[PDB]
Amino acid sequence: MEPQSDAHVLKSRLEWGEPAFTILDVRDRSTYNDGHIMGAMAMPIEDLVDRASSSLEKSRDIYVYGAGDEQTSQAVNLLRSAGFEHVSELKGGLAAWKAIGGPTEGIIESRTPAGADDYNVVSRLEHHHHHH
């Protein structure tokens with residue numbers, strides 16, 4: 001596994017090829033729930049090093065993906081800084097994985113902003129006067 005992997009390279013390696021890899025979500029804990037790669041595990045970029053050091057080994061084929069290439073690449077840096085040898089940046093991020101039609105999971109990946117219409121307002125006032 002090379003330091004930089006494209007979205008469909010990993011996608012094809014996931015479905016068509018052999019796994020033997022661990023995908024880390026470095027976007028955010030909430031964003032992980034919001035919508036993540038199918039099989040990806042929660043390791044938010046700030047907690048990433050500690051999380052991985054506590055679980056993953058340095059020779060584990062790790063594929064990291066963030067919101068953008070900057071977050072992705074920086075997270076990868078933080079892991080290989082912690083000694084991790086096999087760490088690759090998923091170039092393009094989740095939006096690329098999804099743009100190529102890759103298998104995903106999540107909560108918002110299910111529920112989307114839809115269903116809205118509101119106009120219940122009647123305009124008519126009355127002001128009677130003059131009485132004996």
# chains A, B, ... in the order shown; residues from 1 in each chain; ligands from 1
>>> select_by_dssp(residues="chain A", states="helix (DSSP H, G or I)", output="PyMOL selection string")
chain A and resi 7-15+29-34+48-55+69-81+93-99
>>> write_last_selection(atoms="C-alpha atoms", output="tab-separated table (two decimals), in the first residue's frame")
chain	number	residue	atom	x	y	z
A	7	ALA	CA	-11.08	6.64	-3.72
A	8	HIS	CA	-11.91	3.96	-6.36
A	9	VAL	CA	-8.56	2.19	-5.84
A	10	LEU	CA	-9.63	1.47	-2.24
A	11	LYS	CA	-13.28	0.91	-3.32
A	12	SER	CA	-12.23	-1.75	-5.88
A	13	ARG	CA	-9.70	-3.22	-3.46
A	14	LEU	CA	-12.59	-3.40	-0.93
A	15	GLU	CA	-15.22	-5.10	-3.15
A	29	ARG	CA	-16.99	11.95	15.85
A	30	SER	CA	-20.36	13.53	14.91
A	31	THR	CA	-19.57	13.51	11.16
A	32	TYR	CA	-18.74	9.79	11.57
A	33	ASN	CA	-22.34	9.23	12.72
A	34	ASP	CA	-23.60	11.72	10.08
A	48	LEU	CA	-6.64	9.63	16.08
A	49	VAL	CA	-3.06	9.04	17.35
A	50	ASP	CA	-4.13	7.94	20.85
A	51	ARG	CA	-7.04	5.84	19.48
A	52	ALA	CA	-4.81	4.05	16.93
A	53	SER	CA	-1.86	3.63	19.35
A	54	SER	CA	-4.30	2.02	21.82
A	55	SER	CA	-5.66	-0.45	19.21
A	69	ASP	CA	-7.18	16.06	1.31
A	70	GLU	CA	-5.63	18.45	3.90
A	71	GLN	CA	-7.38	16.79	6.88
A	72	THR	CA	-6.75	13.35	5.35
A	73	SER	CA	-3.02	13.95	4.71
A	74	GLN	CA	-2.47	15.63	8.10
A	75	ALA	CA	-4.11	12.69	9.93
A	76	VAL	CA	-1.88	10.29	7.95
A	77	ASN	CA	1.11	12.41	9.09
A	78	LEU	CA	0.01	12.11	12.74
A	79	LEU	CA	-0.16	8.29	12.47
A	80	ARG	CA	3.25	7.78	10.80
A	81	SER	CA	4.51	10.32	13.37
A	93	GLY	CA	-11.99	12.31	0.83
A	94	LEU	CA	-15.47	10.88	1.51
A	95	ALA	CA	-17.10	13.09	-1.18
A	96	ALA	CA	-14.84	11.29	-3.72
A	97	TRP	CA	-15.71	7.83	-2.31
A	98	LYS	CA	-19.38	8.80	-2.69
A	99	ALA	CA	-18.87	10.56	-6.07
>>> select_by_dssp(residues="chain A", states="strand (DSSP E)", output="PyMOL selection string")
chain A and resi 4-6+21-25+36-37+41-42+61-65+87-91+104-105
>>> write_last_selection(atoms="N, CA, C and O atoms", output="JSON list (two decimals), in the first residue's frame")
[["chain", "number", "residue", "atom", "x", "y", "z"],
["A", 4, "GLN", "N", -0.39, 7.36, -0.88],
["A", 4, "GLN", "CA", -1.57, 8.05, -1.43],
["A", 4, "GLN", "C", -2.42, 7.11, -2.30],
["A", 4, "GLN", "O", -1.97, 6.66, -3.36],
["A", 5, "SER", "N", -3.65, 6.85, -1.87],
["A", 5, "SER", "CA", -4.57, 5.99, -2.63],
["A", 5, "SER", "C", -5.82, 6.77, -3.06],
["A", 5, "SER", "O", -6.43, 7.49, -2.26],
["A", 6, "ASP", "N", -6.22, 6.61, -4.32],
["A", 6, "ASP", "CA", -7.45, 7.21, -4.83],
["A", 6, "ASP", "C", -8.69, 6.49, -4.25],
["A", 6, "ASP", "O", -8.60, 5.33, -3.83],
["A", 21, "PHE", "N", -7.13, -4.40, 5.36],
["A", 21, "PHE", "CA", -6.91, -2.97, 5.66],
["A", 21, "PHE", "C", -7.92, -2.44, 6.69],
["A", 21, "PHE", "O", -8.99, -3.01, 6.90],
["A", 22, "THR", "N", -7.55, -1.34, 7.34],
["A", 22, "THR", "CA", -8.42, -0.67, 8.32],
["A", 22, "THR", "C", -8.65, 0.80, 7.92],
["A", 22, "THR", "O", -7.71, 1.58, 7.80],
["A", 23, "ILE", "N", -9.92, 1.16, 7.70],
["A", 23, "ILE", "CA", -10.27, 2.54, 7.31],
["A", 23, "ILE", "C", -10.61, 3.39, 8.55],
["A", 23, "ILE", "O", -11.51, 3.05, 9.33],
["A", 24, "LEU", "N", -9.90, 4.51, 8.73],
["A", 24, "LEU", "CA", -10.12, 5.39, 9.89],
["A", 24, "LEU", "C", -10.83, 6.69, 9.49],
["A", 24, "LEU", "O", -10.43, 7.38, 8.55],
["A", 25, "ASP", "N", -11.89, 7.02, 10.23],
["A", 25, "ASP", "CA", -12.64, 8.26, 10.01],
["A", 25, "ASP", "C", -12.04, 9.41, 10.83],
["A", 25, "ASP", "O", -12.24, 9.48, 12.04],
["A", 36, "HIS", "N", -20.44, 7.87, 7.06],
["A", 36, "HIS", "CA", -19.06, 7.36, 6.93],
["A", 36, "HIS", "C", -18.95, 6.23, 5.90],
["A", 36, "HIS", "O", -19.96, 5.73, 5.42],
["A", 37, "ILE", "N", -17.73, 5.83, 5.56],
["A", 37, "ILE", "CA", -17.51, 4.69, 4.66],
["A", 37, "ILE", "C", -17.98, 3.38, 5.31],
["A", 37, "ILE", "O", -17.84, 3.19, 6.52],
["A", 41, "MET", "N", -14.04, 2.83, 10.93],
["A", 41, "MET", "CA", -14.11, 2.94, 12.40],
["A", 41, "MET", "C", -13.82, 4.37, 12.89],
["A", 41, "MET", "O", -13.08, 5.13, 12.25],
["A", 42, "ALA", "N", -14.39, 4.73, 14.04],
["A", 42, "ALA", "CA", -14.35, 6.11, 14.55],
["A", 42, "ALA", "C", -13.00, 6.46, 15.22],
["A", 42, "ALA", "O", -12.68, 5.98, 16.31],
["A", 61, "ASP", "N", -2.27, -2.13, 7.52],
["A", 61, "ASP", "CA", -2.59, -1.34, 6.32],
["A", 61, "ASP", "C", -3.77, -0.40, 6.60],
["A", 61, "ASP", "O", -4.93, -0.78, 6.52],
["A", 62, "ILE", "N", -3.44, 0.84, 6.95],
["A", 62, "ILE", "CA", -4.43, 1.83, 7.35],
["A", 62, "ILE", "C", -4.75, 2.82, 6.23],
["A", 62, "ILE", "O", -3.86, 3.47, 5.68],
["A", 63, "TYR", "N", -6.04, 2.93, 5.89],
["A", 63, "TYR", "CA", -6.52, 3.93, 4.94],
["A", 63, "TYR", "C", -7.30, 5.03, 5.67],
["A", 63, "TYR", "O", -8.34, 4.78, 6.28],
["A", 64, "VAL", "N", -6.78, 6.25, 5.60],
["A", 64, "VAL", "CA", -7.36, 7.38, 6.32],
["A", 64, "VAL", "C", -8.12, 8.31, 5.37],
["A", 64, "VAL", "O", -7.65, 8.60, 4.27],
["A", 65, "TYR", "N", -9.31, 8.76, 5.79],
["A", 65, "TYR", "CA", -10.07, 9.71, 4.98],
["A", 65, "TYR", "C", -10.69, 10.83, 5.84],
["A", 65, "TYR", "O", -11.30, 10.57, 6.89],
["A", 87, "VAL", "N", 0.32, 3.60, 6.32],
["A", 87, "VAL", "CA", -0.75, 4.61, 6.41],
["A", 87, "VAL", "C", -0.88, 5.38, 5.09],
["A", 87, "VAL", "O", 0.07, 6.05, 4.65],
["A", 88, "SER", "N", -2.06, 5.31, 4.47],
["A", 88, "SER", "CA", -2.31, 5.94, 3.16],
["A", 88, "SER", "C", -3.44, 6.97, 3.23],
["A", 88, "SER", "O", -4.43, 6.77, 3.94],
["A", 89, "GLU", "N", -3.28, 8.07, 2.49],
["A", 89, "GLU", "CA", -4.32, 9.10, 2.40],
["A", 89, "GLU", "C", -5.31, 8.79, 1.26],
["A", 89, "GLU", "O", -4.91, 8.63, 0.10],
["A", 90, "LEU", "N", -6.59, 8.68, 1.60],
["A", 90, "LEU", "CA", -7.63, 8.48, 0.60],
["A", 90, "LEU", "C", -7.89, 9.80, -0.16],
["A", 90, "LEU", "O", -8.73, 10.61, 0.25],
["A", 91, "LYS", "N", -7.15, 10.00, -1.24],
["A", 91, "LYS", "CA", -7.20, 11.26, -1.98],
["A", 91, "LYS", "C", -8.60, 11.57, -2.52],
["A", 91, "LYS", "O", -9.20, 10.76, -3.23],
["A", 104, "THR", "N", -21.40, 3.16, 1.39],
["A", 104, "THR", "CA", -21.33, 4.02, 2.59],
["A", 104, "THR", "C", -22.37, 3.64, 3.65],
["A", 104, "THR", "O", -23.32, 2.89, 3.39],
["A", 105, "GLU", "N", -22.17, 4.17, 4.85],
["A", 105, "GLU", "CA", -23.09, 4.01, 5.98],
["A", 105, "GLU", "C", -23.26, 5.35, 6.71],
["A", 105, "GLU", "O", -22.59, 6.33, 6.41]]
>>> atom_distance(atom1="atom CA of residue 3 of chain A", atom2="atom CA of residue 85 of chain A")
9.5 Å
>>> atom_distance(atom1="atom CA of residue 102 of chain A", atom2="atom CA of residue 56 of chain A")
24.4 Å
>>> atom_distance(atom1="atom CA of residue 26 of chain A", atom2="atom CA of residue 84 of chain A")
15.4 Å
>>> closest_residue(among="A:101, A:129, A:60, A:113", to="residue 38 of chain A", atoms="only C-alpha atoms")
A:101
>>> decode(residues="segment 110-125 of chain A", atoms="N, CA, C and O atoms", output="PDB file, in the first residue's frame")
ATOM      1  N   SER A 110     -28.943   8.154   5.538  1.00  0.00           N
ATOM      2  CA  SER A 110     -30.298   7.601   5.488  1.00  0.00           C
ATOM      3  C   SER A 110     -31.349   8.720   5.461  1.00  0.00           C
ATOM      4  O   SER A 110     -32.142   8.822   4.526  1.00  0.00           O
ATOM      5  N   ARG A 111     -31.350   9.559   6.500  1.00  0.00           N
ATOM      6  CA  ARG A 111     -32.319  10.658   6.609  1.00  0.00           C
ATOM      7  C   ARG A 111     -31.768  11.965   6.014  1.00  0.00           C
ATOM      8  O   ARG A 111     -30.683  12.418   6.368  1.00  0.00           O
ATOM      9  N   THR A 112     -32.539  12.574   5.121  1.00  0.00           N
ATOM     10  CA  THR A 112     -32.111  13.802   4.426  1.00  0.00           C
ATOM     11  C   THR A 112     -33.110  14.949   4.637  1.00  0.00           C
ATOM     12  O   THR A 112     -34.302  14.705   4.835  1.00  0.00           O
ATOM     13  N   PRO A 113     -32.640  16.218   4.603  1.00  0.00           N
ATOM     14  CA  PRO A 113     -33.518  17.393   4.767  1.00  0.00           C
ATOM     15  C   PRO A 113     -34.620  17.461   3.695  1.00  0.00           C
ATOM     16  O   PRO A 113     -34.387  17.901   2.565  1.00  0.00           O
ATOM     17  N   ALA A 114     -35.810  16.983   4.052  1.00  0.00           N
ATOM     18  CA  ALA A 114     -36.960  16.991   3.141  1.00  0.00           C
ATOM     19  C   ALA A 114     -38.287  17.070   3.908  1.00  0.00           C
ATOM     20  O   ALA A 114     -38.350  16.739   5.095  1.00  0.00           O
ATOM     21  N   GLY A 115     -39.344  17.502   3.222  1.00  0.00           N
ATOM     22  CA  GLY A 115     -40.657  17.622   3.846  1.00  0.00           C
ATOM     23  C   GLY A 115     -40.841  18.945   4.586  1.00  0.00           C
ATOM     24  O   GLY A 115     -40.516  19.049   5.771  1.00  0.00           O
ATOM     25  N   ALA A 116     -41.353  19.959   3.885  1.00  0.00           N
ATOM     26  CA  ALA A 116     -41.550  21.286   4.479  1.00  0.00           C
ATOM     27  C   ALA A 116     -42.468  22.184   3.629  1.00  0.00           C
ATOM     28  O   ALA A 116     -42.200  22.428   2.451  1.00  0.00           O
ATOM     29  N   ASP A 117     -43.554  22.655   4.242  1.00  0.00           N
ATOM     30  CA  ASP A 117     -44.466  23.630   3.623  1.00  0.00           C
ATOM     31  C   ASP A 117     -45.433  24.187   4.680  1.00  0.00           C
ATOM     32  O   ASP A 117     -46.173  23.430   5.316  1.00  0.00           O
ATOM     33  N   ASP A 118     -45.426  25.506   4.871  1.00  0.00           N
ATOM     34  CA  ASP A 118     -46.211  26.134   5.941  1.00  0.00           C
ATOM     35  C   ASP A 118     -46.789  27.498   5.529  1.00  0.00           C
ATOM     36  O   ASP A 118     -46.058  28.484   5.389  1.00  0.00           O
ATOM     37  N   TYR A 119     -48.106  27.547   5.332  1.00  0.00           N
ATOM     38  CA  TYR A 119     -48.818  28.818   5.190  1.00  0.00           C
ATOM     39  C   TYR A 119     -50.265  28.694   5.687  1.00  0.00           C
ATOM     40  O   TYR A 119     -51.183  28.398   4.918  1.00  0.00           O
ATOM     41  N   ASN A 120     -50.455  28.893   6.988  1.00  0.00           N
ATOM     42  CA  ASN A 120     -51.790  28.924   7.585  1.00  0.00           C
ATOM     43  C   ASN A 120     -52.036  30.281   8.258  1.00  0.00           C
ATOM     44  O   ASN A 120     -51.956  30.412   9.481  1.00  0.00           O
ATOM     45  N   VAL A 121     -52.297  31.300   7.438  1.00  0.00           N
ATOM     46  CA  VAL A 121     -52.507  32.670   7.924  1.00  0.00           C
ATOM     47  C   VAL A 121     -53.698  33.339   7.217  1.00  0.00           C
ATOM     48  O   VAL A 121     -53.672  33.560   6.004  1.00  0.00           O
ATOM     49  N   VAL A 122     -54.735  33.656   7.984  1.00  0.00           N
ATOM     50  CA  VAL A 122     -55.919  34.343   7.455  1.00  0.00           C
ATOM     51  C   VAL A 122     -55.886  35.840   7.809  1.00  0.00           C
ATOM     52  O   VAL A 122     -55.739  36.211   8.976  1.00  0.00           O
ATOM     53  N   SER A 123     -56.008  36.702   6.802  1.00  0.00           N
ATOM     54  CA  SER A 123     -55.915  38.157   7.018  1.00  0.00           C
ATOM     55  C   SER A 123     -57.269  38.855   6.823  1.00  0.00           C
ATOM     56  O   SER A 123     -57.697  39.100   5.692  1.00  0.00           O
ATOM     57  N   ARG A 124     -57.937  39.175   7.935  1.00  0.00           N
ATOM     58  CA  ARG A 124     -59.228  39.869   7.898  1.00  0.00           C
ATOM     59  C   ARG A 124     -59.605  40.376   9.302  1.00  0.00           C
ATOM     60  O   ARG A 124     -59.894  39.587  10.203  1.00  0.00           O
ATOM     61  N   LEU A 125     -59.601  41.693   9.483  1.00  0.00           N
ATOM     62  CA  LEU A 125     -59.946  42.299  10.776  1.00  0.00           C
ATOM     63  C   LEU A 125     -61.291  43.048  10.690  1.00  0.00           C
ATOM     64  O   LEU A 125     -61.745  43.391   9.597  1.00  0.00           O
TER      65      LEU A 125
END
